[PDB]
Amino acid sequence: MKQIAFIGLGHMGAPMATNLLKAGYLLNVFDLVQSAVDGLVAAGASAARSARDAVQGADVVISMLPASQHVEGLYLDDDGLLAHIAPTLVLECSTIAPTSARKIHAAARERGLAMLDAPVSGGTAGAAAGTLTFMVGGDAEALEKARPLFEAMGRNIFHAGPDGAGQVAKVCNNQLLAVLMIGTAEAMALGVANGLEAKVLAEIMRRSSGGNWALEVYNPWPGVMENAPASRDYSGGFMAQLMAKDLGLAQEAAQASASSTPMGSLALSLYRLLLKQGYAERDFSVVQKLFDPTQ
C-alpha cells in the first residue's frame, strides 16, 4: 500500500499505529521506549533507527507525542525533521498549542509539504477500537488525501478549519470537558450531602438541563457507573496531569486572543490542587475527591 512513518508509540500512538497495520498499511515506527517499538514490531511493523530514519521512505508521516515543545523542537530545529521530506503528507496528531501548530504548519508550507494538525479525542479505548475523533486543521486538499488513514484510526472526522484549527477545537473542547466534569462532581456531592441517592440524582440531571457528557458516559461518583474510573478508585482513564496540560494549552490560546476563561482557568486551578495532592496519574474524574469527604 502506502509507506507510513509513525513517530510516537505511547498510550495513544501505539494502538493508533497498530490500527493502521490492521488496515493493511506498511509502517516504519519509532519511539524512545524500546518495548513500545517491540509491541509494534510484533504486530507487523518494521522498526526504524530514529525519527529521521523512519520518514526516509514514507508517503505519509504521522506523529503522536506527549509534549508540546517536544513536537516543535523535533520538526523545526534546522536539522530534520521537516528538513527531511519529499513531497509526502504529514499528520501531526499530538495535542499542542495552536500557535505552535501554526508555526510548524508554516515551516511545512515554506518547504512544499501538505500538513494537517489532527489532534485526537477519545480514549486509550477509542484509540484501540479505531473510534477516535479527529479534529483537523489545514487544506481541504490534504484532508482528502489523509481521509482513508483517519478512517482506519477513527470514526468522526471533523474539518475544524484552516491551519491550527484542529488544535483550537481540541483545546476548547477539552477545557469545556474539564468544566463540565468539575461542575458534575460538585453537583453530585452537593445533592448527596443534602440527602439524595447518588444514582437517583445522576439520572435526573443526565436527563434534564444539567445533562452532559460526563453524566452520559463518565460519572465521577463511585458506584454510579460500574465501568467508569470512579468505580475502581480512579485508576486508568485519562490522567489528571494530562487534563491539566490540556487546560494549560487552552490558557495559551486565551492569552493569544485575550479571551476570558473564568470557568476553564478555575478548572485549571483545581486540577493543580489535585496535582499537589499526588493525583497526577489518577483518572481526571478524581476531581470528585475535592468535594466528597467519605472517599
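Numbers follow the displayed sequence, beginning with 1.
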Unmodelled deposited residues between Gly112 and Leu113, binned: none
Comparing 245-253 with 58-66, the one whose average Cα B-factor in the PDB entry is higher: 58-66
Segment of higher mean CA temperature factor, 151-159 or 190-198: 151-159
Top Cα B factor in the deposited entry, candidates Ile104, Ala118, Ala185, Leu215: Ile104
Selection from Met205, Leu76, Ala127, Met135 [criterion: highest C-alpha temperature factor in the record]: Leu76
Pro87 by Cα B-factor - lowest, middle or highest third of the modelled chain: highest
B-factor third for the C-alpha atom of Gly210 within its chain: lowest
Chain third (lowest, middle, highest) by recorded CA B-factor, residue given as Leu26: highest
Assigned third (lowest, middle, highest) for the C-alpha B factor of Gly80: highest
Ranked C-alpha temperature factor of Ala48 among modelled chain residues, by third: highest
